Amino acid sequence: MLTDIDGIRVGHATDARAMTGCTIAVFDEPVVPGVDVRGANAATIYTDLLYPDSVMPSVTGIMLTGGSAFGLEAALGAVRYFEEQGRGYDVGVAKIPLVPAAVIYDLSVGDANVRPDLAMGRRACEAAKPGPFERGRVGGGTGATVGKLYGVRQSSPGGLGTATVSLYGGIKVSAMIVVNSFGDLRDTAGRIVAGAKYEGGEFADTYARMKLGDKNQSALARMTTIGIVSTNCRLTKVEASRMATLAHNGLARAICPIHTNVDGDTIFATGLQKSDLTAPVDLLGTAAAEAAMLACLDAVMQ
């Protein structure tokens, strides 16, 4: 539950008929951000200020949205909302809020022509609250599918999931993940729980089929899992980027194949600018991986 971390609120905007939506994490306490875009097919906005050799931005929130490339419009909707509320870096003549965002492709279920837009991004910020939030096919996970080797008709439902890992000394690492993976999702035993299905109804085992020579028939094939991991420790920008990089290891333990040519897999990481809690980044990063992994499964047990 991402809101276990100080100052985070989460809001969803959900169109259950068109099967799309977006989710925003809002930071009421200032954060230190990092990112790792590992997939080969990612569409993002504002990620350049999240790298260690950039200046320290003032991140107001981070968005996970449907709509493929079109859905980054909802991030501008969020930016507009926040400017109206008086948030963002103060340059005197204005305040400049920043809402980095990544997308999933969800156009092949429900309505292809409805995507998160300026109004829907604003709706998600209006809805943002503390405490527990809904999981499953909601917000950015509303049109998420898993296992697309034979196209979306043989896929399983994906969704939005969350988990919190507790370490010593009051330290927490939480994740919120939207699973729309090309590959199959397995539990900690190694059982397929969501994935491409044969016509006859059983899980096909995407990786086993591809080794035999079955060809990727997904819509993007001719040329995603996205999330946020957050901790109540203090980080530097370098550590936040290292944390985001290690979190991908969690994804690799749950999803196979991962980081393919149709996947836009992206992890955002945050720590708090003011906090007395510190810990080695290699441990935080390992916990981030575990939380990310657990969140992937949470997504499909709703």
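Numbers for residues come from their place in the sequence shown, where the first is 1.
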* To do: Would you mind checking whether any residues of the deposited sequence sit unmodelled between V91 and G92, and how many (none, 1 to 3, 4 to 9, 10 or more)?
  => none
* Structure fact -> Once average C-alpha B-factors are taken from the entry for 228-236 and 166-174, the winner is 166-174
* **Per the entry, higher mean C-alpha B factor between 273-281 and 44-52** => 273-281
* Asked: When the CA B-factors of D106, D214, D117, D205 are compared as recorded in the entry, which is the largest?
  -> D214
* Just grab whichever of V152, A144, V99, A128 has the top CA B-factor as deposited. => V152
* Structure fact -> Quick tally, chain-level thirds of C-alpha B-factors: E84 sits in the highest
* **Cα B factor band for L2 (lowest, middle or highest third within the chain)** => middle
* Asked: In terms of the chain's CA B-factor thirds, is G34 lowest, middle or highest?
  -> lowest
* Mind checking which third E134 falls in for C-alpha B-factor across the chain? -> highest
* To do: Using the B-factor values recorded in the entry, state whether the Cα atom of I8 falls in the lowest, middle or highest third among the modelled residues of its chain.
  => middle
